[PDB]
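Trainee: After the structure tokens below, expect a handful of questions from me.
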Ligand SMILES: *[C@@H]1O[C@H](CO)[C@@H](O[C@@H]2O[C@H](CO)[C@@H](O[C@@H]3O[C@H](CO)[C@@H](O)[C@H](O)[C@@H]3O)[C@H](O)[C@H]2NC(C)=O)[C@H](O)[C@H]1NC(C)=O
Ligand SMILES: *[C@@H]1O[C@H](CO)[C@@H](O[C@@H]2O[C@H](CO)[C@@H](O)[C@H](O)[C@H]2NC(C)=O)[C@H](O)[C@H]1NC(C)=O
Ligand SMILES: *[C@@H]1O[C@H](CO)[C@@H](O)[C@H](O)[C@H]1NC(C)=O
Ligand SMILES: *[C@@H]1O[C@H](CO)[C@@H](O)[C@H](O)[C@H]1NC(C)=O
Ligand SMILES: *[C@@H]1O[C@H](CO)[C@@H](O)[C@H](O)[C@H]1NC(C)=O
Ligand SMILES: *[C@@H]1O[C@H](CO)[C@@H](O)[C@H](O)[C@H]1NC(C)=O
């Protein structure tokens, strides 16, 4: 999208991730793992819903209106009634087409945004202990077991602990 | 917002900053300080005004129009006059609601943008002499007095000067 | 724009670049060079066209409508015909003004986005072997001849090759 | 060391939608904003529906004998059928449309 | 049965913002438009592999 993460520097999506919209796959000494990130998944879902509720909202109630069909040719007044209805329909048809186009463009961009925000958050956590591999994966230059990975995921990772090790392995 | 700076990785705003929209707080050997960034404050205000002036602009002048209230039941023509007016009001009511929603979304996003741009500008200035702490604060690994901080703020900071010192302290 | 690249941290555009929208200028041992990036140029052009085709698309066909001019003063019905047409014209005039404003704002933002995306892609390629000079230029800390620059441009650059050299020269 | 990958999900069956820059582009899910179908029946709740059957509203108004069932009736929505017909003295209403309207509206 | 929106074709559900069924309606009704479909995206760009 506009941030270049989804269909971006992130090659493709994971059909295998069924418990969330965004998440982590990791590989460390202990094996491989996958976990969903629920906060950012929620951010996206919440926004999309907000918008869904804006649009799907109560319609307008109308009761007696002008006649829209005619069995006789009347000339002027019917010309006018017909023209008014036709005008209205064209204008609303336009509003709807555009609403959808804008809304969709924005949804695409905001979901891309959430992805990119998770990436950024994580990179910032890792400090000097990892490098950006450009594919949306970090290379972690110290020894990271499942607990450690977890600490990255739940935001409690303490970089100063591994900094020496990692710094050593980076250079 | 869409860049994740405001209400983002930046925890919250400063009620104490009354001289600008965006700024720096610093802590160094000499003490603590706060200063507003006027260029980016202006960037935001200018955009918001541009938009404010687009919307608040001259209204349309109309003089003799159709009658919108009626004391007698007339049937067809009155049905039509009523329907036309009602149609118009619904359409404009829609335009207004939407204008506000879009405009507001965009204002939120563009103010977020300005913040993030200031952050990015600064990070780029500092080069290898500082690290991103993730909270919207940089850690500066050399000795920075009030003049030096100032140089960062007014964009004249020369990193090569402190690079050796900082590089030393970083690793 | 919203990413702060164009009219951003990138000082200005190159009137000298006539073969693409975005590109690289380099200076190395062998001399100076300039090359266009066709993929991102295409990304921009494609989007702009998509939009151009959305708007420039087939118009609506209308045939017999109400009369919009009058040689005699008739009162009520003419008041109504006149009012309907005037209402329609004001609403479409609004749609058009807004379409243009939004679309343009977005074009500006998306072209800025493409630039920034190219920058980001490149920075990611270079890994530890270069630094962001903040002007939209990277400083490459190893010896890069025209072939090497090319490899950066066509996305085949292998950083691990030069990492030792560059790491050495950076610190 | 370890590798940590950031990712987003994807699905087997995606949906084409339309955007500002793009005519068809595939997203994971979409929802339909235009109702194109009908059950086919006029639902008798929550509106008082008066089925006119062989009677038009005007004939019901005037009192054409085969319409006499409609005397003093009320409706939120009067439904006129195509099979309706007039069995009484042949007549006409100048500005038929307006009488029909204002009575229909009085309800 | 029950429904808030009546058209000459029959009743229609009012849950959506728009409808292609009939320009003639009674009650609380989706606005009428010329399109038979408009999809509003409810998720991100799908990128399989
Ligand atoms: C709901 O009701 C309306 C009105 O009964 C339906 O519209 C009608 O649909 C048919 C079939 O698409 C149209 O037939 C076409 O007529 C045109 C014009 O004469 C002719 O050139 C074509 O060859 C075609 O036969 C018909 O015009 C149209 N009637 C009106 C007045 O619009 C509609 O299909 C119904 N929708 C649902 C959900 O049932
Ligand atoms: C509506 O009018 C139709 C047609 O006049 C009526 O159908 C008639 O019904 C009677 C009694 O069942 C039959 O003997 C006739 O053969 C029918 N006539 C025709 C021409 O089909 C119908 O009864 C009327 N419906 C109501 C409820 O009044
Ligand atoms: C994060 O993970 C660690 C280790 O698994 C755990 O001890 C800690 O409670 C977690 N933090 C939170 C706030 O969930
Ligand atoms: C920035 O700060 C330095 C030191 O305080 C000062 O000498 C210099 O003039 C300032 N630069 C500008 C352009 O204001
Ligand atoms: C990129 O450049 C190198 C060296 O000039 C060349 O050998 C290689 O084929 C190029 N790669 C592609 C995919 O064009
Ligand atoms: C698709 O979106 C709709 C509306 O948001 C939702 O009700 C439905 O559960 C979604 N389908 C899937 C499989 O996510």
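Counting begins at 1 with the first residue displayed.
Technique stated in the header: X-ray crystallography, 3.0 Å.
Every residue, even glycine, has its Cβ placed from backbone N, Cα and C.
For reference, Swiss-Prot lists these features for the protein:
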type: DISULFID; residues: B:144-B:148; note: disulfide bond
type: CARBOHYD; residues: B:154; note: N-linked glycosylation site
Trainee: Filter the candidate list B:144, B:148, B:154 of recorded positions, keeping only entries whose CB is under 6 Å from an atom of ligand 5.
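Mentor: Not one meets the Cβ criterion.
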Trainee: Quick check on the disulfide-bonded residues: of B:144, B:148, whose CB has the lowest count of neighbouring CB atoms inside 10 Å?
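Mentor: Output over disulfide-bonded residues B:144, B:148: least Cβ neighbours within 10 Å is B:148.
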Trainee: Tell me, by DSSP, whether residue B:154 (N-linked glycosylation site) is helix, strand or coil?
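Mentor: In the DSSP reduction, residue B:154 (N-linked glycosylation site) maps to coil.
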Trainee: What does the structure give for the C-alpha distance between residue B:144 (disulfide bond) and the residue listed as 'N-linked glycosylation site'? Integer Å is fine.
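Mentor: Here the two Cα atoms lie 15 Å apart.
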Trainee: C-alpha of residue B:154 (N-linked glycosylation site) to C-alpha of residue B:148 (disulfide bond): distance in Å?
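Mentor: Counting only the Cα atoms, the answer is 10 Å.
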Trainee: Which recorded positions out of B:144, B:148, B:154 lie by ligand 4, going by a Cβ under 6 Å?
Mentor: B:154
